[PDB]
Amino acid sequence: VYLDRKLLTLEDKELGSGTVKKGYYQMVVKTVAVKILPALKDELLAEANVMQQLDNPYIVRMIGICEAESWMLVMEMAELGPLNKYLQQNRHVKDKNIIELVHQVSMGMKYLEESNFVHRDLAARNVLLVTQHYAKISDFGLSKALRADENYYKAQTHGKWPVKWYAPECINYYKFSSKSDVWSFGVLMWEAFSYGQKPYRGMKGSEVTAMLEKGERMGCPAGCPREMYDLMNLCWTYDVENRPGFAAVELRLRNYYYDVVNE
């Protein structure tokens, strides 16, 4: 869990910015991504505590923690980076390939759901690419392990929230469940088939709430197959009780993907 600073080699060229830096952990050497930093230290440990309990091919794995110059969270490297930026820079990625990637995210989220963890920041910017055909879910900074007796996590304060990705019950009742993550997943799908474009462009969070309250939803991205747009809309079911879970979502995507592969 706690890593050996001597065995960590950091690179000067930062990946982005709190900063994330590329590095090497001497096991072979494993290429790693390193998130470098009271409350912000508490958040990192909480985040590490979450990742420590998760074991799945479609989630970013934690290597461990290291306290030196700053507190560091050492994770496996997804070399191609965020999905949204990737698709912005690679506009000829084929539809079949987009379905493959979004399905992989649904498999990761089906596992998280089975594990009774809520992600709470599921957006294209937090899906990272190991290859053009291999996506992982990253960024567990808002994630919560659900209590054994509850189906949701109740937030207290409302603090720095990606509103355009959040379900009505999140905005109106501060309640976060795996079905709320499904809502987020629909927005992620829209982003992916929009080649990394921002959802609800030009709109205030409040105007998004108003739009959704009117039953209005974002339109089908150009070239997006009807069946994936239907699935998007199913994820954006207003009533949480009638919104599908990730078992249902993953299976839809799985079948469609195989049947796209057949053609």
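Residue positions are given as counts along the sequence shown, with the first one as 1.
Visitor: Hey, does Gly159 show up as a hole in at least a third of the other compared models?
Guide: Looking at the other entries that model residues on either side of it, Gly159 is missing from at least a third.
Visitor: How many residues that are in the deposited sequence but not in the model lie between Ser17 and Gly18: none, 1 to 3, 4 to 9, or 10 or more?
Guide: Gap between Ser17 and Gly18: 1 to 3 residues without coordinates.
Visitor: In this entry, is the chain continuous from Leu37 to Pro38, or are deposited residues missing in between (none, 1 to 3, 4 to 9, 10 or more)?
Guide: Per the deposited record, the segment joining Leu37 and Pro38 lacks coordinates for 4 to 9 residues.
Visitor: Comparing 63-71 with 199-207, where is the mean C-alpha B-factor higher?
Guide: According to the PDB entry, the answer is 63-71.
Visitor: When the C-alpha temperature factors are averaged for each of 213-221 and 39-47, which stretch ends up with the higher value in the entry?
Guide: Stretch with the higher mean C-alpha B-factor: 39-47.
Visitor: Highest Cα B-factor in the deposition, which of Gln156, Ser115, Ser138, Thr131?
Guide: Among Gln156, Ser115, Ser138, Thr131, the PDB entry lists the largest C-alpha B-factor for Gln156.
Visitor: Quick one: which of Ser194, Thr237, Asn56, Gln53 shows the highest Cα temperature factor in the PDB entry?
Guide: Within the set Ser194, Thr237, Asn56, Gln53, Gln53 shows the top C-alpha B-factor.
Visitor: Using the B-factor values recorded in the entry, state whether the Cα atom of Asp149 falls in the lowest, middle or highest third among the modelled residues of its chain.
Guide: Answer is highest: the recorded C-alpha B-factor places it there.
Visitor: Sorting the chain's CA B-factors, does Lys160 end up in the lowest, middle or highest third?
Guide: CA B-factor rank for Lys160: highest third.
Visitor: Sorting the chain's CA B-factors, does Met228 end up in the lowest, middle or highest third?
Guide: Its C-alpha B-factor belongs to the middle third of this chain's values.
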